[PDB]
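K.L.:
kindly return the folded structure for what I paste below:
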Amino acid sequence: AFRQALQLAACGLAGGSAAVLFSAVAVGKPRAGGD
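P.N.:
Numbers count the residues shown, from 1 in each chain. There you are, the coordinates:
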């Protein structure tokens, strides 16, 4: 049941949750508490 959970997970990380951090790092250095 965790076989499909691995393929559906990368789907959102292929251009969604990586954007929020992408710009956050492009504007400055991320830190534990602010990012």
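K.L.:
buried stuff in the helix ranked longest in the chain?
P.N.:
When the chain is parsed with DSSP state H, its longest helix is helix 17-27. Of the residues in helix 17-27, none count as buried by neighbour count, 16 or more other Cβ atoms under 10 Å. Backbone N, C-alpha and C define where each C-beta goes, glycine included.
K.L.:
outside of that helix, which residues touch it?
P.N.:
For helix 17-27, the external contacting residues (Cβ atoms under 8 Å, 6 or more residues apart in numbering) are 30, 35.
K.L.:
again, only using 10 Å
P.N.:
Helix 17-27 is contacted from outside by 9, 12, 15, 30, 34, 35, using Cβ atoms under 10 Å, 6 or more residues apart in numbering.
K.L.:
where's the fifth one, which helix or strand?
P.N.:
Yep, that's residue 34 we're talking about. Assigned by DSSP states H and E, residue 34 belongs to no helix or strand.
K.L.:
wait, what's in contact with it?
P.N.:
24, 28.
K.L.:
distance-wise, check it relative to residue 28.
P.N.:
Residue 34 is 9 Å from residue 28, where distance means Cβ to Cβ, to the nearest Å.
K.L.:
export stretch 5-15 to PDB, keeping only CA atoms.
P.N.:
Extracted as PDB, the C-alpha positions of stretch 5-15 are listed here (Å, rounded to 0.1, in the frame of the first residue of the first chain):
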ATOM      1  CA  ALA A   5       2.500   6.500  -1.900                       C
ATOM      2  CA  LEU A   6       6.100   6.900  -3.300                       C
ATOM      3  CA  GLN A   7       5.000   7.700  -6.800                       C
ATOM      4  CA  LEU A   8       2.300  10.200  -5.800                       C
ATOM      5  CA  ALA A   9       4.600  11.900  -3.400                       C
ATOM      6  CA  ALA A  10       7.200  12.900  -6.000                       C
ATOM      7  CA  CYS A  11       4.300  14.300  -8.100                       C
ATOM      8  CA  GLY A  12       3.900  17.200  -5.800                       C
ATOM      9  CA  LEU A  13       7.700  17.700  -5.300                       C
ATOM     10  CA  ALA A  14       8.100  17.900  -9.100                       C
ATOM     11  CA  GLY A  15       7.000  21.500  -9.000                       C
END
